[PDB]
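Just so we're on the same page, the entry's author numbering is the position in the first sequence counted from 1, plus 100.
Contents: one structure, followed by commentary.
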Amino acid sequence: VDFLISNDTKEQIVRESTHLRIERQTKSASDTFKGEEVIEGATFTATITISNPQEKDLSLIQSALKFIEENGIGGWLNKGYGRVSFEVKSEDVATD
RNA sequence: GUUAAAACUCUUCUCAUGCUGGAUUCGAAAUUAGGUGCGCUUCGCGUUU
């Protein structure tokens, strides 16, 4: 399973952002921090390599990608960061 | 057939707080409820000395 490399560069997808921690009585920012994210609509690519292919391989990978599309990829997954869509193409190679 | 293989920099944390689309300027300038139509028609200051 190759790393999901991006198609674009740092200056075109990666932005720094103010994340916050607010008190529940004063309703003002207690702690501020600066975290980097990737903008939405950013196209990443990877290439999965299943050798010795069983019949329940592409379906299982697609099922796992749907589980990743709803839970998220990366970190800070519970606060809403990481929801993506996956588009999938497949190819067997026989002779070179 | 790689000192391999195996192991997701993961979890926790709201860009929030403070700031009123406010200030100035008159629906008023022009236009006569005017024009037409007769309080008229009928009845003697009698009678009585």
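Beta carbons: idealized from backbone N, C-alpha and C, even for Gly.
Which residues in the same chain have their Cβ closer than 6 Å to the Cβ of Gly174, if we skip the five residues on either side of it in sequence?
Setting aside the 5 residues that flank it on each side, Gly174 is surrounded in the same chain by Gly182, each with a C-beta closer than 6 Å to its C-beta; the list follows chain order.
In chain order, which alpha helix (DSSP H) runs of at least 4 residues are fully inside the segment 152 to 182?
For the segment 152 to 182, whole alpha helix (DSSP H) runs of length 4 or above, ordered along the chain, are 158 to 171.
Assign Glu111 to one of three DSSP states: helix, strand, or coil.
Three-state result, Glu111: helix.
Express the C-alpha separation of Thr126 and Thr147 in angstroms, rounding to a whole number.
For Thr147 and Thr126, the distance between alpha carbons rounds to 49 Å.
Separation of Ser106 from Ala142, as counted between CA atoms:
The straight-line gap from Cα to Cα measures roughly 8 Å.
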